[PDB]
């Protein structure tokens with residue numbers, strides 16, 4: 001089997017991407033944030049505290065003839081931005097772009113933190129990291145991909161995120177029309193539960209490539225590119241007036257600037273992030289200070305190849321017996 005669904009930026013900055021997902025019978029379509037940095041499929045629901053729901057579409061398990069309470073199961077997750085959610089668990093039929101899993105764990109939120117409430121466009125998350133990170137207790141549950149994997153034509157999914165435009169998540173096949181040149185595959189460590197890999201270096205604009213190993217994760221659920229402070233300083237040093245602002249929480253730059261590109265290495269290959277991808281706009285409405293799309297990972301504890309990086313590439317998440325990651329230009 002295969003599946004294919006379009007993923008769409010939630011706003012004009014590409015702060016996140018949402019993909020429609022069918023849950024239950026009859027189908028209830030929710031727009032979920034596909035997140036290769038976590039492993040829970042959770043949704044706003046009829047059980048979510050009313051004051052914490054503000055415009056989201058909810059899953060109502062009592063209206064699904066295929067929903068079953070997963071008795072005694074609870075979940076609770078906290079993300080790196082300080083947001084969180086928790087609740088109980090149903091199993092139900094879940095379909096993405098034509099690909100169906102029966103008996104998928106659907107984690108129903110009883111509580112969500114303010115950032116989730118405030119984002120009316122995201123109805124939940126669909127985790128695509130390794131199932132070892134799933135938070136369901138006392139019986140850990142598998143991701144949608146893990147459940148689908150054996151049935152897929154090939155045990156893979158791909159992320160093809162757009163810049164200020166829609167893109168595509170495919171399951172079970174590689175669309176050879178979706179990228180230029182070849183896909184370079186690179187080794188993955190699953191030891192921390194992530195799609196963790198080692199970039200071979202970087203360049204700033206037209207500058208000379210620096211060979212240096214950068215361990216990090218491919219994370220579709222993180223907006224920006226988080227890299228070591230040395231790398232980030234080298235980038236922003238090329239932008240007149242750019243500076244790290246403790247009050248804002250990262251590097252800012254004059255909105256009048258033209259940003260250089262940023263290149264990262266994948267083995268002997270190179271992915272080029274155009275400068276415009278690194279502009280996240282005014283820090284507050286009407287400001288002439290703009291927020292940078294490349295930020296320091298210091299104090300996160302891991303480097304993160306988030307959407308800024310991934311949207312410059314066609315990315316293969318290869319879930320073969322020994323997982324790997326592939327990157328192609330596009």
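Brief remarks on what is shown
- Residues of region 287-312 classified as buried (at least 18 other Cβ atoms within 10 Å of the Cβ) and over 17 Å from residue 187 (Cα atoms), total: 14
- Matching strands (runs of 3 or more DSSP E) fully within region 88-196 where at least 1 residues are buried (at least 21 other Cβ atoms within 10 Å of the Cβ) and not assigned by CATH to the domain that holds residue 301: 99-112, 124-127, 156-160, 167-171
- Strands (runs of 3 or more DSSP E) contained entirely in region 204-290, each with at least 1 residues that are under 23 Å from the mean Cα position of the chain (by Cα) and within 21 Å of residue 14 (Cα to Cα): 210-218, 225-227, 250-254, 262-266, 269-273, 279-282
To keep it simple, each residue is scored yes or no on (1) in contact (Cβ under 8 Å) with a residue 60 or more places away in the chain; (2) in contact with a strand residue (DSSP E or B) (Cβ under 6 Å, 6 or more places away or on another chain).
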| residue | (1), (2) |
| --- | --- |
| 88 | no, yes |
| 109 | yes, yes |
| 117 | yes, no |
| 126 | yes, yes |
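- Per the listing 184, 200, 190, the residue uniquely touching a helix residue (DSSP H, G or I) at 6+ places or on another chain (Cβ under 9 Å) and farther than 23 Å from residue 17 by Cα is 190.
- Boolean, residue 274 is surrounded by fewer than 24 Cβ atoms within 10 Å (Cβ to Cβ), assigned by CATH to the domain that holds residue 190 and within 21 Å of residue 196 (Cβ to Cβ): no
- Which listed residue, of 70, 41, is over 30 Å from residue 197 (Cβ atoms) and touching a strand residue (DSSP E or B) at 6+ places or on another chain (Cβ under 9 Å): 70
- With respect to being under 23 Å from the mean Cα position of the chain (by Cα), at negative phi, in a strand (DSSP E or B) and not assigned by CATH to the domain that holds residue 125, residue 200 fits the description.
- Here is the figure for region 313-329: residues that are surrounded by 16 or more Cβ atoms within 10 Å (Cβ to Cβ) and either out of contact with any strand residue (DSSP E or B) (no Cβ under 9 Å at 6 or more places or on another chain) or in a loop (DSSP other than H, G, I, E, B) (or both) total 4.
Basis: the model, the stated rules and, where named, an outside source; none is laboratory data. Because the Cβ atoms are built from the backbone with ideal geometry, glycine has one as well, and the counts that use them run over all protein chains shown.
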